[PDB]
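Asker: Give me a 3D structure for the following:
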Amino acid sequence: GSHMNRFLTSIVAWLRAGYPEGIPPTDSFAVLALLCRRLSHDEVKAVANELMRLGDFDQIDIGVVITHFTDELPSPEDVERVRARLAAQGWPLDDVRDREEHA
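Answerer: Numbering: from 1, shown residues only. You can find the structure just below:
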């Protein structure tokens, strides 16, 4: 019983759950950098678009950055920042074996 749309919905939820105060443009690029490791740039472009429409995102251009990256950006401290914050709501970005490894 797999539903594709529900996946996107949960992704949106996770992302905005990481920032219930709204993502600032600096770590928005961090978000795209992290998410692009799991999802294709068009997929993240789509979810970013709908998330910005939903309101729980700052109104910038993520689609431009994911299709045309920067060399020095996004900032490493920002990616580590979003990494630390989003980890609190879980991490479906990577794959984790169910076992008490790190709590």
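Asker: On the three-state scheme, residue 57 is what?
Answerer: Here residue 57 is recorded as coil under DSSP: H, G, I helix; E, B strand; the rest coil.
Asker: I figured residue 45 was touching residue 64, is that so?
Answerer: No. In this structure, residue 45 is not within contact of residue 64 by C-beta atoms under 8 Å, at 9.4 Å. No exception for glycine: its C-beta is placed from N, CA and C like everyone else's.
Asker: Show residues contacting the strand or helix carrying residue 12.
Answerer: Using DSSP states H and E, residue 12 sits within helix 4-18. Taking C-beta atoms under 8 Å, 6 or more residues apart in numbering as the criterion, the residues outside helix 4-18 that touch it are 23, 31, 35, 39, 46-47, 50-51, 54, 56-57, 82, 85-86, 88-90, 92.
Asker: Residue 45 and residue 64 - which one has more neighbours?
Answerer: Neighbours were counted for residue 45 and for residue 64 using other C-beta atoms under 10 Å; residue 45 has more, 20 against 10.
Asker: Now that one: closest residue in space, sequence neighbours ignored.
Answerer: What sits nearest to residue 45 in space, not counting adjacent residues and going by C-beta to C-beta, 6 or more residues apart in numbering, is residue 63, at 4.5 Å.
Asker: from memory that neighbour sits against residue 47, does it?
Answerer: No. With contacts defined as C-beta under 8 Å, residue 63 does not count as touching residue 47, sitting 10.9 Å away.
Asker: out of those two, which sits in the busier spot?
Answerer: Each of residue 63 and residue 47 has its neighbours counted (other C-beta under 10 Å); residue 47 has more, 23 against 17.
Asker: Contact partners for the more buried one?
Answerer: Taking C-beta under 8 Å, 6+ apart, we find residue 47 in contact with 8, 11, 12, 15, 35, 39.
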